[PDB]
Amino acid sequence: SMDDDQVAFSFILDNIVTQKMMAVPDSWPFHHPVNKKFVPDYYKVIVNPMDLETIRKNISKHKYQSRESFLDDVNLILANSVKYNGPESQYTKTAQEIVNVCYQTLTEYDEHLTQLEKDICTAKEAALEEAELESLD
């Protein structure tokens, strides 16, 4: 089923987030959105904020249909640390470790993830095609 494949894909991504990325030592700065009351200028500097909680929310909404779209937001966490904290900040070194363990685990699950990504794409194109043939009935 398309629902089954979306569920499996999202569960794999979520397990990467909770079991690997959130387990990086000292990764607390990236676990939740920055609180504007604690860091008032953060959102003056960071136009496209991202964090691991928001990624999990997106996973739960089946936002990610590909490894690439997932990694777009994962890399946003690192890029926002580079911008706000600097490329040599310990915050950025931590974000880099989060990104690297993400890559390592996606590599581990690449065969299954690639198959799910293709089958989701195929099913989606078929459902789109069928919806359109039906609309003209």
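Start at 1 with the first residue shown and count on from there. The term rigid core refers to the most C-alpha atoms you can superpose between the two forms while keeping them within 1.5 Å.
Engineer: So which moves more in 9 other deposited structures of this protein by CA, 17 to 25 or 110 to 118, given a superposition on the core?
Structural biologist: More C-alpha displacement in 9 other deposited structures of this protein shows up in 110 to 118.
Engineer: So, in 9 other deposited structures of this protein, taking the root mean square over structures and residues of the Cα distances after a rigid core fit: is 82 to 90 or 35 to 43 the more displaced stretch?
Structural biologist: If we average over structures and residues in 9 other deposited structures of this protein, the farther stretch is 35 to 43.
Engineer: Quick one: say whether 115 to 123 or 11 to 19 has the higher mean Cα B-factor in the deposited entry.
Structural biologist: Per the deposited B-factors, the answer is 115 to 123.
Engineer: If you take the mean CA temperature factor per stretch, which one wins between 74 to 82 and 57 to 65?
Structural biologist: For C-alpha atoms only, the mean B-factor is higher in 57 to 65.
Engineer: Highest Cα B-factor in the deposition, which of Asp51, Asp26, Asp110, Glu97?
Structural biologist: Result of the comparison over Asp51, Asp26, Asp110, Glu97: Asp110.
Engineer: Ranking the modelled residues of this chain by C-alpha B-factor as given in the entry, is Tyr43 in the lowest, middle or highest third?
Structural biologist: It falls in the top third of the chain.
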